[PDB]
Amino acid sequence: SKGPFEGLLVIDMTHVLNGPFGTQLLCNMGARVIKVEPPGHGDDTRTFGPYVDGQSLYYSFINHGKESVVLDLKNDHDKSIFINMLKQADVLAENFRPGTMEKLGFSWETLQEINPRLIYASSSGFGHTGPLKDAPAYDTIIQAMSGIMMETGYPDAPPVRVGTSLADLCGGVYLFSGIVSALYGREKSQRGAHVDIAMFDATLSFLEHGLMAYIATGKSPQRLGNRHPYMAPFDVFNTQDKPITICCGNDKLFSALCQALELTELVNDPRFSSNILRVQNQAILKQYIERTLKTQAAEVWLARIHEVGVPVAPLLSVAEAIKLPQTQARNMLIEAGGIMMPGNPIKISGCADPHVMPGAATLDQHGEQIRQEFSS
C-alpha cells in the first residue's frame, strides 16, 4: 500500500522550510501534493545552498514527489484555475506571513464558502493571532525569543542556537499533525477547519526541563550543558582521543561503571554513594572519571563500559550517523531523483517504504498538464 493518505489532494503553497517540511510528510504517506509556486524564481529554496548539479539540495530534500505548477493569483485566469483546484482539494496549505492569503482574496471565511470540506492549514512564526502575528519571525528569531538559545550551550559559555532549524521543524511537524487531526475529525463532521500553527508555540512545547524547573524554582535559565539535571554520572566525558557519553542513572550502574574504570573506591565514598550525592558533587566526580578516561582511546572504553552493562555511546558526526547499519535498516536514507536524502521516520505496517522514490520537480514541471486538468 502507498500510504493512508492515498486519494487526498493537497494544494501546497508553502515555501522555505517550515511549511514544506510538513507537506512532505503528507506526500511521503500517499497524498497527491501540488506545489503552487509564484512567478519568478518560485519557492525560495530553489535559490538556497547547497547545490548539486546546479540544483538546490535544499529544495530537493523537502519537496521530492511534489508536482510543480507556477500560478499567479493576481491574474484572473490563474485565479480561476486555483479556485477549481480548491473545489477538488482536501487541504490548502501555506506559510506566508499572516494576512497574505486574505489580500489575494482567500480569507478562511471565503475558503469555507468555496469548499465546506476544505482543510486550511496555516504555518507562521507566531500564528494568525496575537500582538506579534505580523512580526518578522525567522527560525533564529524564534529560537531567541522562545528561550531555547539561553537553555543551550555550556553553562558559563554564551547562549547559542540549536544546531538546526528547530523552530521551523517543530512548526513543520505540528503542521502535519494538525492536518491529519483535522482530516480524521472531518470524516465524521464532514467539514474542514483552519489549522493554525505557530513556530513560537511549537518551540515553547519543546522546552521540557527548562520550563519545569522555572515554574517550580523561579530560576531561569538553567543552562546544564551536557549533564542530566537529576542523575549522575550522566553527562558527556572526554577520553584520550574523542568524547563519549556515559549515562549512569542509578546506584547499581554506578558500581558497574566504577568497576570498569577501576575506581571501585568511589562506590562507597561519602561523596558519591547515592545518586543525589553524585548529582550534588558531579563536578569532582567528573574530574575522577576524566582522569581515568584520558588514558585510553574512546573505542576501548566503549567496549569496557558496555561490557559491564552501563549505557554508553560515542559522539558521532552527521556523516557517521547516516552510515550506521541501523540507518540503512530503518531506511532513513533514501534515494530520490538520484539524490541521497533523509527518509520517513513514521513507520506503519502495511504501508510501503521504498528506498527509491520519485525525485523533486523542476520549476513548473507539471504546469502544462495541471492547467489543463483544472481549467473550466
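When you see a residue number, it is the position in the sequence shown, counting from 1.
Next on the checklist: I need to verify one thing: averaged over C-alpha atoms only, is the B-factor higher for 49-57 or for 347-355?
Outcome noted: Comparing averages over the C-alpha atoms only gives 49-57.
Item to check | Per the entry, higher mean C-alpha B factor between 33-41 and 334-342 | outcome: Comparing 334-342 with 33-41, the higher mean C-alpha B-factor belongs to 334-342.
Checklist entry - From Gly178, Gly105, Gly147, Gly125, can you pick the one with the highest C-alpha B factor in the entry? => result Within the set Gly178, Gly105, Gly147, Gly125, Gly105 shows the top C-alpha B-factor.
Item to check | Identity of residue with top Cα B-factor, from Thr164, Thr264, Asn250, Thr100 | outcome: Most elevated C-alpha B-factor of the set, per the entry: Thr264.
Item to check | Modelled-residue ranking by C-alpha temperature factor, third containing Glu307 | outcome: Tercile = highest for this residue's CA B-factor.
Checklist entry - Taking the entry's C-alpha B-factors for this chain, is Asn63 in the lowest, middle or highest third? => result Answer is lowest: the recorded C-alpha B-factor places it there.
Checklist entry - Is the Cα B-factor recorded for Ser255 in the lowest, middle or highest third of its chain? => result For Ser255, whose C-alpha B-factor we compare with every modelled residue in the chain, the answer is the middle third.
Checklist entry - Based on the entry's values, in what third of the chain does the Cα temperature factor of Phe237 lie: lowest, middle or highest? => result It falls in the bottom third of the chain.
Item to check | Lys286, C-alpha B-factor rank within chain (lowest, middle or highest third) | outcome: Lowest third.
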